[PDB]
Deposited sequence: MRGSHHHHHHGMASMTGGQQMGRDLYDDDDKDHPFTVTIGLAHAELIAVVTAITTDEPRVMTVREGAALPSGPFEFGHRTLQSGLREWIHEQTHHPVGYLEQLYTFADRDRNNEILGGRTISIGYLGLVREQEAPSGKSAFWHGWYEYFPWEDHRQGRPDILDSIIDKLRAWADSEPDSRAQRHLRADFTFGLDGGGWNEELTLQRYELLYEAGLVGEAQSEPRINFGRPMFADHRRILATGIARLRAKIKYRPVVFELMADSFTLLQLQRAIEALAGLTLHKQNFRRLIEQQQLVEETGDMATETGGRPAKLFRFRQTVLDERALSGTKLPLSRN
């Protein structure tokens, strides 16, 4: 009783040409993934082995994302999916975040694909009168169907509402490029996690080179958030959090080069 099969799924993010990119196998149709096996010492060590065989690309630190369950008797138990988030520098299968989630990028203004999404959500929310108000409240909180503001952290809740409304191909109407199994749900969890991270403490040294300009760091955070940053409040956050320091070198308008502090790297290594 109480048996389950566990799949480990990796969301490995890089930033290339100011675009957030996720590591993929299957020609961009799936994330790197594999079953948790008896010989795997930990869940994370098991996933590291699956990333190695499928991509042979190095990965640094990993943080656990979320555990999802299926909603089957022949398998002997339920199936669970455990997602992890990793930040790396791309090395010479890398597809952009917003290929799968085009509505999540508002850097150059609200994307036009949202108009079509709002239209389909409204019809779904009005299709059943006894659930009308309860569905308008969810679609406004996540997508602003009634005029609510945009919260870039709600990436998962947006995708799950589209799934529940049958507006993504995985729900079997589709928006964005689908992925095999529940992998877009895992990717949406990784996007939301990283956006919660950068809003309060953007420790993203694994995404940057050893040294970088503040403009490079700003563009990297903007790519992850899918929004343009307020230049001043961003630079005050970085300084208040004591995250970076000048290296003493200049880059080319000349600009000083910065690195994340050793204490920031030390604290991450010991977590």
Checking coverage: what stretches of the deposited chain sequence are missing C-alpha positions?
1 to 38, 110 to 112, 134 to 140, 221 to 224, 305 to 308, 328 to 336
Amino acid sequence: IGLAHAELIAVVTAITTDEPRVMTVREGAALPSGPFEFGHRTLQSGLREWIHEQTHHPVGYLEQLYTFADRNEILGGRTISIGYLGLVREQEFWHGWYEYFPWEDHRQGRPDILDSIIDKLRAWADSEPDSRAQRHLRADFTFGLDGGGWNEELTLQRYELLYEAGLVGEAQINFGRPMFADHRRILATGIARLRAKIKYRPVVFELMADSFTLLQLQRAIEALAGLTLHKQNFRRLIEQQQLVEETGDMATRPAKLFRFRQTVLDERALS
From here on, numbers count along this sequence of modelled residues.
If you take the mean CA temperature factor per stretch, which one wins between 182 to 190 and 196 to 204?
196 to 204
So which stretch wins on mean C-alpha B-factor, 72 to 80 or 122 to 130?
72 to 80
Going by the deposited entry, which of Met250, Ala10, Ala14, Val25 has the highest CA temperature factor?
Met250
Which listed residue, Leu145, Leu85, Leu167, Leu154, has the largest C-alpha temperature factor in the record?
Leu145
Lowest, middle or highest third: where is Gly176 by Cα B-factor in its chain?
middle
Here the Cα B-factor of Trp150, set against its chain, lands in the third termed middle
By its CA B factor, does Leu137 count among the lowest, middle or highest third of the modelled residues in the chain?
highest
C-alpha B factor of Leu243, ranked within the chain: lowest, middle or highest third?
middle
Going by the entry, which third of its chain does the Cα temperature factor of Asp105 land in?
middle
